[PDB]
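Enquirer: Supplied in structure tokens, the structure appears directly below.
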Amino acid sequence: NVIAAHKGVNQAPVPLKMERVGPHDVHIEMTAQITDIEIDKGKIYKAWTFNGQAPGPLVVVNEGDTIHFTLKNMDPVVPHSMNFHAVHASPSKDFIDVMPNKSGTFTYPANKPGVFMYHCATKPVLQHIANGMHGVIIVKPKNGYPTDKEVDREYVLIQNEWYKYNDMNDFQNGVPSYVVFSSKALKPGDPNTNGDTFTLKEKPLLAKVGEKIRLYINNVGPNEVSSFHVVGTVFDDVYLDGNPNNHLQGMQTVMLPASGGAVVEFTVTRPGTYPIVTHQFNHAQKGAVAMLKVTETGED
Amino acid sequence: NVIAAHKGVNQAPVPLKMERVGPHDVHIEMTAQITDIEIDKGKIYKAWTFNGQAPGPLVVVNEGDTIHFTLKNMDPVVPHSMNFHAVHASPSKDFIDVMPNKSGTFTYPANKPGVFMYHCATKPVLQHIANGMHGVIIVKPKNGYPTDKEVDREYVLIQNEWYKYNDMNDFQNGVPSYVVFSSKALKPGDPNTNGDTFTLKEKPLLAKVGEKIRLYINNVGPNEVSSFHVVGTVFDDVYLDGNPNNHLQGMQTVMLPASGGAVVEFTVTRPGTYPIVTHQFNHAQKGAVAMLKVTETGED
Amino acid sequence: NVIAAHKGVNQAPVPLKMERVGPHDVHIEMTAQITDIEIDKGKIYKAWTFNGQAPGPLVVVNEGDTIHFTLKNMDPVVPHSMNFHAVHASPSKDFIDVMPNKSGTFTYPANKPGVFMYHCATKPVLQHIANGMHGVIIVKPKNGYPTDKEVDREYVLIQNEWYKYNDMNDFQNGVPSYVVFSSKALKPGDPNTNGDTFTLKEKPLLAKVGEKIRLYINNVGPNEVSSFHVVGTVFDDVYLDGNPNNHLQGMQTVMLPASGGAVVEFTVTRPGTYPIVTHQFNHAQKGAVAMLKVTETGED
Ligand SMILES: [Cl-]
Ligand SMILES: [Cl-]
Ligand SMILES: [Cl-]
Ligand SMILES: [Cu+2]
Ligand SMILES: [Cu+2]
Ligand SMILES: [Cu+2]
Ligand SMILES: [Cu+2]
Ligand SMILES: [Cu+2]
Ligand SMILES: [Cu+2]
Ligand SMILES: [Cu+2]
Ligand SMILES: [Cu+2]
Ligand SMILES: [Cu+2]
Ligand SMILES: [Cu+2]
Ligand SMILES: [Cu+2]
Ligand SMILES: [Cu+2]
Ligand SMILES: [Cu+2]
Ligand SMILES: [Cu+2]
Ligand SMILES: [Cu+2]
Ligand SMILES: [Cu+2]
Ligand SMILES: [Cu+2]
Ligand SMILES: [Cu+2]
Ligand SMILES: [Cu+2]
Ligand SMILES: [Cu+2]
Ligand SMILES: [Cu+2]
């Protein structure tokens with residue numbers, strides 16, 4: 001399971017590069033790179049990543065934007081690729097491999113609003129996803145969501161699993177060793193974290209008493225479904241996959257398939273710390289608990 | 001996995017205490033207690049329970065009721081707590097531990113209609129849920145459900161798993177040993193049972209030919225999702241989490257996350273016995289089959 | 001796990017027999033038979049089947065049709081039966097066993113539109129399903145689907161698992177050895193395949209650039225849920241269980257319970273080959289990837 005050319009390799013994170021190039025066109029450049037991430041205290045995973053993050057950096061575009069995407073493969077020996085669930089594309093032409101030390105550019109439209117998974121598409125896809133090559137792209141709906149004016153504060157959360165290192169038998173046949181949440185920044189000052197068992201417990205997300213919170217969520221897997229629940233509240237409104245039409249109300253828990261997304265909104269009525277879980281409690285026990293700290297001011 | 005102070009302990013079930021104290025206020029008193037339950041024939045589980053039942057006793061309130069909840073902890077050594085998924089509360093103030101031989105009182109509103117899980121909230125939550133500290137609270141919608149006038153008969157069903165006794169490794173990493181249904185009484189004469197592999201086979205729920213049946217259902221887990229199905233019928237109407245807005249029709253099978261609820265309604269057209277399953281058939285084989293006996297009169 | 005009377009038995013497939021006998025009445029005759037199926041290259045499973053296919057042959061009826069169903073049991077020693085999820089029936093009278101070398105006839109209505117599982121109902125049901133006795137019945141809605149006029153081409157896909165041969169311990173407690181797709185023909189010229197790891201990769205489904213494709217899908221299990229996703233597109237419209245009322249839009253991935261169905265519709269915008277997966281990637285790795293080849297003409 002050890003790739004000789006990855007020994008000792010720890011490529012420092014590289015910032016996502018994005019720039020708008022027209023009213024409906026956006027350039028995005030990512031890397032594929034090999035980066036050590038502390039997934040549990042004392043446990044380093046030499047992850048296969050986009051940009052040195054796992055899950056990868058957040059991408060946000062508008063409905064109707066065409067994405068001109070470049071992948072720069074920094075892995076010395078493994079090809080990598082990109083599949084955005086947001087886009088309409090030819091997989092065999094547009095989600096193809098970029099060889100080590102090369103770049104590739106691929107263009108495709110994001111026609112549909114929502115909270116989409118992205119991930120590496122190189123065979124075996126399970127191997128590339130499980131080693132860390134997953135993330136979220138949000139496509140903002142042209143006309144918003146009907147409840148936009150009620151939302152006071154918003155964050156992005158992503159659920160993923162971690163297995164035994166680069167172990168295809170475990171990836172296929174074993175239970176996850178860890179299941180984790182991470183948060184990816186939407187506005188300056190938001191946290192930006194990797195999938196680990198501890199950061200969002202020790203540095204909770206912050207909010208203020210009485211606020212309606214929106215979370216953009218996706219369960220990237222690779223393998224498990226998620227029973228997403230915020231303790232001490234009920235979801236006022238849920239939009240499955242973030243499409244405004246798929247509108248549920250008053251859900252205690254949102255069932256997410258592997259790669260499933262949602263926009264969920266809830267009110268926090270009292271000061272305190274509110275756990276955020278997958279209610280599949282074996283997974284929660286193995287790391288998948290984040291915290292939301294609600295104060296009279298909204299500051300820690 | 002054996003707690004010395006639980007040896008030989010078998011605390012007889014204690015009735016739930018509920019009383020309305022105002023037009024929108026209700027007192028509820030439960031216990032936390034250690035009680036032997038026969039989960040399969042010849043198999044005793046010394047369960048951690050509310051009130052000596054696992055799942056615990058049914059709670060029914062109205063939308064807009066504030067619950068003034070008291071937990072009396074009869075466990076000689078383990079703290080326990082209560083988390084109602086129905087309520088808006090501060091988890092770190094209102095879902096806190098009650099020490100052995102003590103009581104605690106916590107007040108919070110049930111603002112949202114539906115079929116909610118409740119459970120102990122004491123760390124490790126997986127341990128407390130898996131050992132039996134789960135249940136359902138139903139919050140009745142102020143304006144009912146649109147199909148109320150069509151329903152002839154109704155029952156509550158709950159799905160849960162059982163693992164190796166108090167074994168955190170198994171709870172986290174193992175398949176369930178048993179998966180089971182129980183029924184909790186809504187009206188005098190309804191059965192009231194615990195999560196076991198046999199009672200609802202040997203003493204089926206009863207109905208009459210031609211009736212529309214409503215089931216209030218919740219899959220409390222701890223770990224598995226449920227593929228809820230009634231053999232020989234199709235769900236005419238489904239309300240996800242019991243919120244009247246989340247209205248599906250003509251479903252063969254309802255996907256429930258861990259902690260997921262629903263109101264489901266179906267018509268039984270012919271005399272006979274109708275199995276009720278999770279269609280994840282490994283779980284059905286390990287206990288999760290209940291029976292509905294439909295007769296020309298509705299009596300056995 | 002070896003049944004002596006099945007040694008060397010390989011009953012050649014028998015065609016489904018269907019004929020309409022009135023404006024709202026249809027005769028269907030199936031067999032139960034024991035047939036060797038190559039589920040992975042070099043791996044034969046001596047399946048328990050309807051008609052020598054696993055999943056079994058496709059059945060299509062109209063909403064409001066009463067089905068007069070005959071099962072001819074060709075198994076020399078095991079009883080078999082039939083449960084259609086489409087129908088309202090008495091399970092203990094209408095889904096009963098047919099003994100070896102006998103036939104039984106059962107009549108029941110299909111009142112509800114959708115994409116329903118069918119399967120053998122003989123105890124242990126897990127054993128009969130896992131050994132291959134599953135399939136789909138489609139009930140066409142009297143008034144169609146609102147998007148009917150947009151659909152250019154349609155196919156049926158079914159997901160199932162395969163375990164160690166006739167091994168009840170594995171069926172209950174083990175991970176699937178294979179997870180697979182098959183396609184069942186709706187119109188002359190459509191492929192008709194069994195649940196295997198390779199046929200729909202080597203002989204992809206065919207379509208033409210720009211088309212809107214409808215898939216009628218069901219995850220028959222026995223045990224797993226499915227995270228159904230088409231690479232390179234987004235589902236424009238989804239009807240859960242194939243009921244026109246259960247209408248979602250813009251889903252990346254559709255969560256299917258065990259026995260869950262859907263009608264899903266999506267547009268393929270560019271020439272190429274488009275994988276079709278369960279996004280639970282351990283299952284995809286173990287076989288559950290089909291291909292859709294999209295050409296400028298629609299022919300290979
Ligand atoms: Cl919880
Ligand atoms: Cl069934
Ligand atoms: Cl994919
Ligand atoms: Cu414009
Ligand atoms: Cu450290
Ligand atoms: Cu990769
Ligand atoms: Cu994907
Ligand atoms: Cu698992
Ligand atoms: Cu506000
Ligand atoms: Cu809430
Ligand atoms: Cu009042
Ligand atoms: Cu006994
Ligand atoms: Cu407890
Ligand atoms: Cu909970
Ligand atoms: Cu399991
Ligand atoms: Cu009636
Ligand atoms: Cu029905
Ligand atoms: Cu007619
Ligand atoms: Cu061969
Ligand atoms: Cu059979
Ligand atoms: Cu079934
Ligand atoms: Cu599995
Ligand atoms: Cu067209
Ligand atoms: Cu699409």
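So you can find residues: chains in the structure tokens are A, B, ... in the order shown, residues in each start at 1, and ligands are numbered from 1 in order.
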Among region 97-159 of chain A, which residues carry a DSSP assignment of strand (DSSP E or B), reported as a ChimeraX atom specification?
Expert: /A:98,103-110,114-119,134-140,153-159
Enquirer: Using only C-alpha atoms and a distance of at most 7 Å, pull out the residues of chain A that contact chain C, as a count of residues only.
Expert: 24
Enquirer: As a VMD selection string, please: the residues near residue 59 (chain C) (cut-off 7 Å, only C-alpha atoms, same-chain neighbours under 6 positions excluded).
Expert: chain C and resid 136 to 138
Enquirer: Let me see if you get this right: every residue at most 10 Å from ligand 18, counting only C-alpha atoms and all ligand atoms, written as a list in words.
Expert: residues 22, 23, 24, 64 and 65 of chain C
Enquirer: Residue 68 (chain A): which residues within 9 Å, counting only C-alpha atoms, same-chain residues fewer than 6 positions away excluded, as an NGL selection string?
Expert: :A and (25-29 or 105-109)
Enquirer: Take CA of residue 1 (chain C) and CA of residue 168 (chain C) and report the distance between them in Å, one decimal.
Expert: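 Rounded to one decimal, the two atoms are 8.2 Å apart.
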Enquirer: What residues of the protein or nucleic acid chains come within 6 Å of ligand 6 when you use only C-alpha atoms and all ligand atoms? Reply as a PyMOL selection string.
Expert: chain A and resi 80-81+120+122+128
Enquirer: Excluding same-chain residues fewer than 6 positions from residue 185 (chain B), what lies within 8 Å of it counting only C-alpha atoms, as an mmCIF file with N, CA and C atoms, in the first residue's frame?
Expert:
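What ended up in around.cif:
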```
data_model
loop_
_atom_site.group_PDB
_atom_site.id
_atom_site.type_symbol
_atom_site.label_atom_id
_atom_site.label_comp_id
_atom_site.auth_asym_id
_atom_site.auth_seq_id
_atom_site.Cartn_x
_atom_site.Cartn_y
_atom_site.Cartn_z
ATOM 1 N N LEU B 58 -43.915 5.675 25.101
ATOM 2 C CA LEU B 58 -44.355 6.697 24.161
ATOM 3 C C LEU B 58 -44.725 7.986 24.883
ATOM 4 N N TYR B 155 -51.360 2.822 14.799
ATOM 5 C CA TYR B 155 -50.412 2.252 15.741
ATOM 6 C C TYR B 155 -49.075 2.969 15.599
ATOM 7 N N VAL B 156 -48.210 2.762 16.591
ATOM 8 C CA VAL B 156 -46.833 3.252 16.590
ATOM 9 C C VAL B 156 -45.886 2.066 16.497
ATOM 10 N N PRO B 191 -51.352 -2.723 22.141
ATOM 11 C CA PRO B 191 -50.192 -3.364 22.763
ATOM 12 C C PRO B 191 -49.109 -2.350 23.100
ATOM 13 N N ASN B 192 -48.265 -2.735 24.044
ATOM 14 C CA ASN B 192 -47.104 -1.938 24.414
ATOM 15 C C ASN B 192 -45.972 -2.914 24.674
#
```
Enquirer: Just give me the gap between CA of residue 264 (chain C) and CA of residue 240 (chain A) in Å, one decimal is fine.
Expert: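 Value for the CA of residue 264 (chain C)-CA of residue 240 (chain A) distance: 15.3 Å.
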Enquirer: Work out how far CA of residue 83 (chain A) is from CA of residue 5 (chain A), in Å to one decimal.
Expert: 25.1 Å
Enquirer: Which residue gives the smallest distance to ligand 8 among A:47, A:179, A:21, A:86, with only C-alpha atoms and all ligand atoms counted?
Expert: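 Smallest distance to ligand 8 is found for A:179.
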Enquirer: Which residues are near residue 73 (chain A)? Cut-off 8 Å, only C-alpha atoms, ignore same chain within fewer than 3 positions. Put them as a PyMOL selection string.
Expert: chain A and resi 31-33+79-80+98-103
Enquirer: Distance limit 10 Å, reference ligand 12, atoms considered: only C-alpha atoms and all ligand atoms. Which residues make the cut? Give them as a PyMOL selection string.
Expert: chain B and resi 37-44
Enquirer: Enumerate as a PyMOL selection string the residues within 7 Å of ligand 16, counting only C-alpha atoms and all ligand atoms.
Expert: chain B and resi 150-152+210-212
Enquirer: Any chance you could list, as a count of residues only, the residues in region 156-236 of chain B that come up helix (DSSP H, G or I) when DSSP is run on the backbone?
Expert: 10
Enquirer: Give me the residues within 12 Å of residue 144 (chain C) as JSON, numbers by chain, counting only C-alpha atoms and dropping any in the same chain fewer than 5 places off.
Expert: {"C": [62, 63, 113, 114, 139, 149, 151, 239, 242, 243, 244, 245, 263]}
Enquirer: Mind writing the picked residues with N, CA, C and O atoms as a short mmCIF file (atom, residue, chain, number, x, y, z; two decimals), in the first residue's frame?
Expert:
```cif
data_model
loop_
_atom_site.label_atom_id
_atom_site.label_comp_id
_atom_site.auth_asym_id
_atom_site.auth_seq_id
_atom_site.Cartn_x
_atom_site.Cartn_y
_atom_site.Cartn_z
N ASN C 62 -50.36 -1.81 -16.92
CA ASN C 62 -50.96 -0.49 -16.76
C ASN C 62 -51.59 -0.34 -15.38
O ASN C 62 -52.14 -1.28 -14.82
N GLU C 63 -51.54 0.89 -14.87
CA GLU C 63 -52.27 1.22 -13.65
C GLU C 63 -53.71 0.74 -13.77
O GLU C 63 -54.38 0.97 -14.78
N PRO C 113 -49.23 3.54 -9.79
CA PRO C 113 -48.16 3.63 -10.79
C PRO C 113 -46.79 3.56 -10.13
O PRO C 113 -46.59 4.08 -9.03
N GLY C 114 -45.82 2.98 -10.83
CA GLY C 114 -44.45 3.08 -10.35
C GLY C 114 -43.55 1.94 -10.77
O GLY C 114 -43.86 1.15 -11.66
N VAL C 139 -45.54 -0.35 -13.42
CA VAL C 139 -46.96 -0.05 -13.58
C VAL C 139 -47.04 1.34 -14.19
O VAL C 139 -46.64 2.33 -13.57
N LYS C 149 -43.34 14.09 -22.69
CA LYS C 149 -43.10 14.61 -24.03
C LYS C 149 -41.66 15.05 -24.25
O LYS C 149 -41.26 15.27 -25.40
N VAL C 151 -39.00 13.16 -23.15
CA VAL C 151 -38.11 12.01 -23.09
C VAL C 151 -37.88 11.48 -24.49
O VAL C 151 -38.82 11.20 -25.23
N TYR C 239 -38.90 10.98 -10.07
CA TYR C 239 -40.18 10.62 -9.48
C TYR C 239 -39.93 9.44 -8.55
O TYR C 239 -39.64 8.33 -9.02
N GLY C 242 -41.41 6.01 -8.89
CA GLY C 242 -42.16 6.14 -10.11
C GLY C 242 -43.57 6.66 -9.95
O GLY C 242 -44.35 6.57 -10.90
N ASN C 243 -43.93 7.21 -8.79
CA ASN C 243 -45.23 7.84 -8.67
C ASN C 243 -45.10 9.28 -9.15
O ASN C 243 -44.22 10.01 -8.65
N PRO C 244 -45.91 9.73 -10.11
CA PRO C 244 -45.73 11.08 -10.67
C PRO C 244 -45.80 12.20 -9.64
O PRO C 244 -45.28 13.29 -9.90
N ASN C 245 -46.44 11.97 -8.50
CA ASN C 245 -46.57 13.02 -7.50
C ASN C 245 -45.27 13.28 -6.75
O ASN C 245 -45.11 14.36 -6.18
N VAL C 263 -38.18 6.82 -11.20
CA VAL C 263 -38.01 7.22 -12.59
C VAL C 263 -37.10 8.44 -12.55
O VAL C 263 -37.41 9.41 -11.85
#
```
